[PDB]
Amino acid sequence: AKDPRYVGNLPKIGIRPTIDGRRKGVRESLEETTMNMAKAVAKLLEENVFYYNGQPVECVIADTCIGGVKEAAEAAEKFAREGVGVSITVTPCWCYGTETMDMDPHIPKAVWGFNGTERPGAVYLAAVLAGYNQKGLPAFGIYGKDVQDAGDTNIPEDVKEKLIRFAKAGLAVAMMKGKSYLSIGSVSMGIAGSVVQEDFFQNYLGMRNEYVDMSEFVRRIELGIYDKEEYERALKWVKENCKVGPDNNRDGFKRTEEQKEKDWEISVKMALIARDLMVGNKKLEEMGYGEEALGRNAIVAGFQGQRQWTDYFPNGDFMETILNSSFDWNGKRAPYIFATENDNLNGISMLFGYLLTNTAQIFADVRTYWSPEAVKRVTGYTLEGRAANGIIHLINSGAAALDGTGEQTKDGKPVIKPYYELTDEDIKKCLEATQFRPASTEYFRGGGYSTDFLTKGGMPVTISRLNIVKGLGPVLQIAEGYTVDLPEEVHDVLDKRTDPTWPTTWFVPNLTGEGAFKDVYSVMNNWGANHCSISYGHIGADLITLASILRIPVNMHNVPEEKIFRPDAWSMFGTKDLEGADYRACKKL
Amino acid sequence: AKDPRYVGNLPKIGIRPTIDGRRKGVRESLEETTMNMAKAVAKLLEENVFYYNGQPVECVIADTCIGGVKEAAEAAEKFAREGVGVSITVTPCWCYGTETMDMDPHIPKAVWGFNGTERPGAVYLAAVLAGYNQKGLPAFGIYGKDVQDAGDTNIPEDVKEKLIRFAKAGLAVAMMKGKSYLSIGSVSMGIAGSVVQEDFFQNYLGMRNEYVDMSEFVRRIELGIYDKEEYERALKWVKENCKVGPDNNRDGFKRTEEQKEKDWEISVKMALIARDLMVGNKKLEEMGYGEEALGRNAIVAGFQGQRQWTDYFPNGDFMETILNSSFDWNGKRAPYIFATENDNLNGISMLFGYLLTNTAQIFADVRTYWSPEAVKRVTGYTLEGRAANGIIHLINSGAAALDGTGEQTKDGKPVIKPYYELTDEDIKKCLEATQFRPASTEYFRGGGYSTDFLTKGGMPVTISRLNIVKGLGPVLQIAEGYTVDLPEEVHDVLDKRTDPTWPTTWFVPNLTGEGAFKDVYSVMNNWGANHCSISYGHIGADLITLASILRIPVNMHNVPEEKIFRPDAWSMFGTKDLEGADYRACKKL
Amino acid sequence: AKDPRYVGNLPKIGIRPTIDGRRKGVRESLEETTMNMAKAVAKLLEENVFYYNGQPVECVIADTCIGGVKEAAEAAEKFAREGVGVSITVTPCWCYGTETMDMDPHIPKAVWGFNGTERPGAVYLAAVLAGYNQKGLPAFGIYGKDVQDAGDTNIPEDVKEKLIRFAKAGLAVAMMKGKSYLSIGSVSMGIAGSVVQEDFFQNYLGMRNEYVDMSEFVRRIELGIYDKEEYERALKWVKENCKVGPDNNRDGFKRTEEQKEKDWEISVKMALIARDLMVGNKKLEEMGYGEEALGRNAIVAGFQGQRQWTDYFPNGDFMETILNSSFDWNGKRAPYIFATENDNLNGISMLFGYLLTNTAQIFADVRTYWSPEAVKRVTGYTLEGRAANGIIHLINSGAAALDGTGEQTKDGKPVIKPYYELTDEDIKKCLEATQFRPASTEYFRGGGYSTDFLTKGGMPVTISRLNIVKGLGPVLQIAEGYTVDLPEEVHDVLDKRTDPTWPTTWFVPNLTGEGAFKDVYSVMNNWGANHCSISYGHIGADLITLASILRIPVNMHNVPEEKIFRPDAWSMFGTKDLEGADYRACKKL
Ligand SMILES: C[C@H](O)[C@@H](O)[C@@H](O)[C@H](O)CO
Ligand SMILES: C[C@H](O)[C@@H](O)[C@@H](O)[C@H](O)CO
Ligand SMILES: C[C@H](O)[C@@H](O)[C@@H](O)[C@H](O)CO
Ligand SMILES: [Mn+2]
Ligand SMILES: [Mn+2]
Ligand SMILES: [Mn+2]
Ligand SMILES: [Mn+2]
Ligand SMILES: [Mn+2]
Ligand SMILES: [Mn+2]
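Chains as they are written, first to last, in the entry's author numbering: chain B, 2 to 590; chain A, 2 to 590; chain A', 2 to 590. A prime marks a further copy of an entry chain.
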């Protein structure tokens with residue numbers, strides 16, 4: 002399947018069914034059972050793993066069962082020729098280890114050994130993995146807990162969860178390769194994550210780094226380098242669906258009516274240009290702007306904003322909010338992972354979750370830790386339920402995907418769905434629960450409109466953050482938890498004394514009474530940056546798998562140990578202290 | 002004592018009696034007491050540690066007490082000429098640290114400080130260990146928990162354990178240096194462990210690497226290069242004591258009667274040739290084959306087998322079974338550590354446990370994990386006792402020491418004893434409980450005879466595996482547990498649908514509730530290879546101490562932490578997380 | 002084009018035409034010129050570089066000029082689907098560095114900047130090379146010394162050389178990836194190079210490692226697993242074209258007539274079996290041996306031989322001689338790089354030169370250094386010409402491609418040509434100048450037929466050796482020189498007292514007066530092994546470029562420094578001492 006936005010095709014998953022090489026007996030008796038095992042997996046993935054556009058992941062099965070090096074090489078040729086980016090080996094019998102290995106060091110690989118009695122399937126699993134570990138080519142091992150009878154094409158639940166987790170993590174990793182990260186502007190207000198370390202993108206993600214100064218937005222707005230037809234349509238949509246809230250700037254800080262109208266115009270143009278830069282726009286060709294039409298093939302981008310741009314032009318709250326949303330004037334669509342303040346690292350954090358879920362991600366500041374004592378002192382209210390031990394106030398400085406309202410609903414519960422599952426009502430409710438407020442000119446002299454909403458509580462979420470530490474490299478921290486609802490009057494009091502014109506999410510992380518999850522305070526005290534990424538659902542186990550593939554250790558997370566799924570090689574670096582083994586395995590391999 | 006099979010003598014343990022060099026009163030009053038400690042330690046060791054031939058380990062005590070560098074040099078000189086390969090320092094008083102140190106880097110060393118009040122014995126212990134830690138020379142520290150009165154030569158129980166544990170691990174380590182690993186054939190069916198990494202053998206174990214193509218067996222069989230008189234006796238012994246069980250090959254795969262008889266002949270010859278290769282055979286010289294007579298001075302070897310050899314000739318089951326056993330047509334004898342499928346890493350795994358116990362080791366595949374739910378479905382029987390949480394099927398592809406029956410007895414319990422403790426009954430019953438079945442031709446086209454037995458339950462055992470992981474090097478995993486008995490009818494069903502003509506051992510590992518031992522399944526899912534070595538008894542602690550001496554980290558083990566005995570410097574790398582400290586200490590030291 | 006012997010297709014060279022992205026005038030005026038450079042480079046390469054089957058290398062040009070990341074991604078996508086394994090960027094103007102870079106790390110890349118004045122072509126060259134050096138992606142830089150007028154498509158001579166040199170080295174490198182090294186037998190007589198270090202094959206060459214015990218030859222010979230119809234033709238061809246020379250074994254060591262005939266039969270079968278193992282044989286499938294039919298997809302292999310096999314069966318001289326030759330009973334054909342004594346390192350040495358020239362390589366021992374004083378004493382003859390400073394006796398223990406005679410001719414000069422350029426006369430004379438002598442039974446008890454010839458003098462050659470040194474890894478040594486002729490009677494004396502039944506080549510290396518080349522003796526005293534590979538022509542420079550691409554340092558070579566062509570980053574590690582820089586660059590990059 003052609004990637005609808007980026008060069009080339011979407012990564013495919015290749016299934017390698019291995020078999021015993023002995024003919025005139027053994028091989029013939031397993032030819033059908035082994036091939037059927039591969040088809041079952043293909044069918045499973047096709048029904049559970051989907052590309053960011055809603056299409057089912059496409060699988061490629063080897064033309065024959067691999068029993069030796071010849072057939073293994075023919076498979077590689079076929080997979081490489083068909084654009085396979087993830088490989089899964091399946092078998093019910095004994096196979097000749099290294100002779101049947103996938104030797105491509107550049108793709109995520111997993112091996113599923115059938116837990117049957119008739120043949121040494123589990124023996125090949127441990128044998129080939131011993132090979133993988135010994136050669137230094139990480140591989141995941143999949144082995145079901147319960148014995149199944151020969152030929153059982155019904156994949157057991159424990160096996161399913163691993164195949165899917167592996168597939169999604171692998172697909173996400175394969176999706177980033179070859180793509181660009183567009184840096185619009187430079188470092189923002191000294192924020193570490195806004196500095197671009199190419200080594201990370203190139204070596205860890207196989208991505209490219211593109212750069213463009215914000216003055217480009219001036220040129221494109223002045224010369225009208227954008228779809229003017231689309232612009233008018235978007236300007237009209239904004240006036241029909243975006244409700245303007247009260248202006249909080251006090252006299253001396255209030256922009257005029259005329260200023261506020263130009264603020265909406267530029268903001269809209271900014272959204273169009275940022276998107277045109279990221280994925281290009283063929284409309285620009287007939288307009289005489291062929292080079293601009295091309296785009297930067299960026300699957301993720303960032304906009305510096307403060308201080309240089311915002312001190313004169315409207316801020317990027319709307320642009321940053323709309324791009325990340327799952328809909329706009331052109332209807333429902335996939336989000337455009339856009340990082341506020343050019344925090345490229347937070348952009349990647351968001352990208353990880355996006356590629357693992359196909360759903361909008363919320364950029365946000367870890368602003369305040371509210372202790373049960375403080376909420377009581379200030380509002381007189383005693384936190385209850387999930388909030389009984391304190392809460393964390395997540396609120397970006399003005400921009401956040403409209404999906405963050407939590408108005409999207411499934412089975413009566415608040416969620417964030419992939420754009421392709423959205424209903425007309427989901428969209429309308431998100432928009433109605435949002436209020437655009439004039440930017441606080443004391444911070445943003447140029448003007449703009451911030452996204453003001455309150456995330457519905459009770460929704461399971463996962464916040465995460467990728468950081469780069471000298472002497473260690475990239476490292477990931479994860480925190481699964483839920484969003485909470487406070488009584489209306491309590492929210493108002495906490496909100497008014499912070500920044501009521503910005504988007505709000507009340508977060509409670511799942512505690513474990515250990516590490517940095519002993520209490521709510523520790524979760525925040527250990528956060529390694531001012532920013533984090535919020536994703537609907539509990540994708541922590543997924544993030545852990547993905548990180549291990551990328552060779553990025555996880556310094557902090559509250560995922561139950563039984564869900565941790567990493568390449569077989571990790572266990573050789575330690576089994577009593579997984580965190581320790583994670584660091585040792587990442588560095589060495 | 003002279004090593005009966007290999008070049009040179011058996012390693013000796015040297016005792017160094019350190020003392021306060023100060024005369025005028027101090028030393029004159031401590032020589033007798035110090036020497037008495039040395040004498041006490043030698044007596045203790047000679048009664049508890051034995052070479053693989055049953056002979057008690059021989060100790061050497063310094064000619065004088067050691068209170069300075071001159072006397073220390075004198076000791077080194079004597080030990081070197083006396084062939085010492087392990088040293089133990091003893092003292093009841095203060096001595097001058099580095100001036101009294103054993104500076105040999107290639108010799109396992111321990112220091113025992115008397116826990117007496119009169120003199121600073123414990124003060125010397127800590128002072129000199131700090132020295133060994135500063136100089137980078139690992140040394141074990143032994144301190145008794147209960148204060149003893151000056152002169153008491155009764156070695157406390159907690160001190161005895163460590164002294165013996167150190168002595169055994171050290172002896173095992175010293176036993177391997179200079180010996181060869183004979184590789185017969187090359188890589189077998191792509192099994193990672195059949196690849197020979199000379200670096201490991203030379204640098205960790207100080208062993209030599211010898212190689213010989215299996216075609217050598219053809220030459221010797223065709224040209225009758227072997228003791229023809231022994232061959233006859235051997236053939237006659239096999240016929241009188243080896244019962245041939247039912248042939249499971251289905252008509253289209255059955256070998257004629259003529260072939261089956263030839264299979265026996267060649268199988269017996271294979272045994273003789275393999276053994277002649279490992280330790281030579283003076284008989285060959287008389288026959289005119291002087292080069293062949295010499296042998297490869299190998300204390301451990303392996304035989305490729307599949308696919309090349311077994312595709313035409315009788316497999317090596319009988320050869321691999323008889324060599325590893327503690328007896329044959331020539332009566333009871335030490336075993337010959339022999340690796341199936343030329344898996345040298347499992348060969349070393351077996352050699353480890355063999356040098357620590359003097360008993361036959363069982364080579365086997367980690368074939369199937371049987372959950373209680375699975376056994377209930379397949380048999381309708383509910384697992385009880387140690388089996389209630391699940392069992393692991395350990396069964397090599399056809400070969401296993403006859404000791405593996407568990408028919409040997411001590412105090413009415415099943416055990417595997419050192420060959421020198423065997424009674425004629427023990428031997429007789431091991432053979433009785435065993436059936437030699439015609440090899441499965443679909444797998445082994447050239448015929449042969451696999452070993453079929455069922456290890457008796459209730460026997461304490463320890464399974465282990467050495468693996469080599471890229472970016473880490475050698476790493477060991479241990480799992481202590483027990484063999485179990487299953488209802489006769491329950492066993493038959495489970496056995497018939499697996500591989501009934503191969504040796505079976507039902508294994509249940511001890512669980513800790515944490516790490517790789519939260520449940521039976523986890524133990525198998527964390528095994529880093531398809532093979533393992535089974536040793537009678539619980540020798541995890543001994544293995545851990547041995548591995549620490551070899552600087553080989555232990556990624557997985559269920560040995561109670563209180564039993565962990567490692568060089569003093571290990572704790573300098575951490576006390577809260579021994580696993581992490583093990584890796585740090587192994588790497589830096 | 003499809004690779005005739007191995008899985009998949011032959012590597013293609015991709016051309017990337019980079020341009021200034023600026024429209025409005027610049028780019029519109031440079032597309033034609035840029036594309037023309039690409040076309041010129043493709044035409045040049047197709048006329049000068051050829052696959053090992055004589056077919057001209059196939060090039061692929063980007064669909065559009067490359068002025069940004071989008072077009073660059075487009076190029077990557079196309080090249081990947083077109084099976085490109087080597088890339089060359091071309092341009093006559095300035096382009097945007099990193100935006101136009103080829104980011105594939107696993108593909109040899111070069112950049113050619115036009116030396117024109119109109120545009121900043123040379124400025125792009127240096128700018129993008131700096132980029133490749135900063136990102137750690139080696140890339141060759143090609144700059145012409147003479148300014149050319151805009152539009153000139155005539156590629157200057159100095160640029161042609163580098164383009165072709167890069168193309169050939171890159172092709173050779175791309176040719177090995179995915180291919181297997183077949184190891185038949187194990188270590189031979191303790192020769193370091195017969196030990197297989199998978200790490201090298203997998204990480205430096207991207208090759209697979211296959212293994213098969215020599216006992217396989219017994220099975221196939223006994224069970225007639227080979228083309229019986231070809232065998233007959235082969236036996237008949239040997240009798241009509243292979244002359245049997247005098248038997249040098251002295252009565253007590255002569256083999257009967259029956260044995261000598263069997264020796265021929267088995268020798269011919271050995272050749273067929275070895276070849277069937279390397280590339281399979283569809284004929285085997287028809288015969289019912291489908292697994293055997295597949296082959297091991299090996300582009301290079303080795304045969305242990307001594308001691309195990311030769312102690313009973315006919316040695317592999319004929320097999321090793323015929324396989325490496327450019328012709329046999331089936332006519333002229335590409336050679337089969339085959340290593341004597343399973344010395345895989347010499348196999349790779351030969352494979353290197355073979356992939357750079359498409360010609361048979363000569364396997365040989367560096368047997369004796371003959372000083373002028375020594376030859377004067379033993380023969381009374383004074384060495385003249387190139388031999389005046391001494392000669393080195395290169396003579397393998399019995400095997401050598403018949404091409405080694407030097408009987409092939411071009412312009413009245415002795416040479417070794419690619420099989421596709423051979424005339425019937427060439428072949429006829431190679432056989433005529435060769436004598437097959439009965440193997441020396443004192444060394445090879447099982448019989449056989451060694452190859453006896455005398456390479457003609459005056460032929461330019463290059464000998465080379467790849468070694469693996471602990472603490473360094475792979476390291477290559479080169480020595481260009483010439484073969485020489487000695488008076489007929491002088492040769493006989495020197496030959497008779499060495500080994501007259503083995504192939505002889507009198508070698509004289511070029512001296513530089515410095516390093517390992519101050520004198521003939523120094524060249525041999527600095528050879529790091531007993532073996533070497535002899536290739537026709539002076540290919541040191543080509544080898545150096547190939548080694549730099551493989552990141553394998555060259556410890557010794559007599560190639561004029563002006564001819565050294567390495568990735569641009571190499572000079573960043575030093576310009577005054579290229580040897581030191583080579584090591585620093587190989588290690589860090
Ligand atoms: C207005 C402020 O600069 C605000 O944007 C910052 O505090 C930002 O939230 C830092 O992450
Ligand atoms: C018959 C089979 O090849 C069997 O020997 C293998 O599966 C072996 O158990 C691998 O460890
Ligand atoms: C006959 C000898 O073994 C000969 O083959 C060896 O010396 C060989 O040349 C070693 O390279
Ligand atoms: Mn912020
Ligand atoms: Mn609000
Ligand atoms: Mn096995
Ligand atoms: Mn049985
Ligand atoms: Mn040689
Ligand atoms: Mn000659």
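Built from N, CA and C at the ideal position, the CB exists for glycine as well.
Could you please give me the residues that DSSP links to B:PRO439 through a beta bridge?
-> Paired residues: B:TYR450.
Would you call the CB atoms of A:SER350 and A:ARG209 closer than 8 Å?
-> Going by beta carbons, A:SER350 and A:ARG209 fall outside the 8 Å limit.
Does any C-beta atom of chain A lie closer than 8 Å to the C-beta of A':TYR212?
-> Residue-level contact check: A':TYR212 touches chain A, since one or more beta carbons of chain A fall below 8 Å from its beta carbon.
Check your reading: residues with Cβ closer than 7 Å to ligand 5 heavy atoms | Summarising the contact set, residues whose Cβ lies nearer than 7 Å to any heavy atom of ligand 5 are, in chain order, B:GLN436, B:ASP453, B:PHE454, B:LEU455, B:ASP496, B:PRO501, B:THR505.
Around the Cβ of A:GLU259, are there at least 16 other Cβ atoms within 10 angstroms (buried) or fewer (exposed)?
-> A:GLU259 is exposed by the Cβ-count criterion.
Just the Cα atoms here: how many angstroms apart are B:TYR382 and B:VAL524?
-> Roughly 23 Å separates the two Cα atoms.
Simplified DSSP assignment, three categories, for A:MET104 | Three-state result, A:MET104: coil.
Do the region 468-487 of chain B and the region 429-440 of chain B meet, that is, are 3 or more Cβ pairs less than 8 Å apart?
-> Verdict: no, contact absent.
Sequence ranges, alpha helix (DSSP H) only - wholly within the region 110-189 of chain A, length at least 4 | Given a length threshold of 4 residues, each whole run of the alpha helix (DSSP H) inside the region 110-189 of chain A is given here in chain order: 122-136, 158-177.
Between B:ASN298 and chain A', is there a C-beta pair that is closer than 8 Å?
-> Yes - at least one Cβ of chain A' is within 8 Å of the one on B:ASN298.
Three-state secondary structure (DSSP) of A:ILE540 = Coil.
Does DSSP classify A:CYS60 as helix, strand or coil?
-> Of the three classes helix, strand and coil, the one that applies to A:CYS60 here is strand, per DSSP.
Since I believe B:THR506 is in contact with B:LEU395 (beta carbons under 8 Å), could you give me their beta-carbon distance rounded to a whole number of angstroms?
-> So it is a contact: roughly 4 Å between Cβ atoms.
Contact check, residue 600 of chain A' vs A':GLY194, beta carbons under 8 Å = No statement about residue 600 of chain A' is possible, as the shown extent of chain A' runs from 2 to 590 and does not include it.
Leaving out five residues before and five after B:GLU119 in sequence, what residues of the same chain have Cβ atoms less than 6 Å from its Cβ?
-> Taking C-beta separations shorter than 6 Å and ignoring five residues to either side along the sequence, the partners of B:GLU119 in its chain run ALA151, following chain order.
Using a Cβ-Cβ cut-off of less than 7 Å, give me the residues of the region 465-493 of chain A that come near chain B, in sequence order.
-> Residues are counted here when their Cβ sits less than 7 Å from a Cβ of chain B; for the region 465-493 of chain A these are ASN468, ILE469, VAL470, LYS471, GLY472, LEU473, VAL476, given in chain order.
Which residue spans inside the region 279-304 of chain B form an unbroken alpha helix (DSSP H) run of at least 4?
-> Whole alpha helix (DSSP H) segments, 4+ residues: 284-287, 291-295.
Taking 7 Å as the line, does the beta carbon of B:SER350 fall inside it for any heavy atom of ligand 1?
-> No.
Cα-Cα separation between A':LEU352 and B:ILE535, rounded to whole angstroms | Those two C-alpha atoms are separated by around 55 Å.
Taking DSSP as the reference, what is the three-state secondary structure of A:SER534?
-> DSSP places A:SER534 in strand when its eight states are reduced to three.
Just mark A:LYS414 as buried or exposed, buried being the case when its beta carbon has 16 or more other beta carbons within 10 Å.
-> Per the 10 Å Cβ criterion, exposed.
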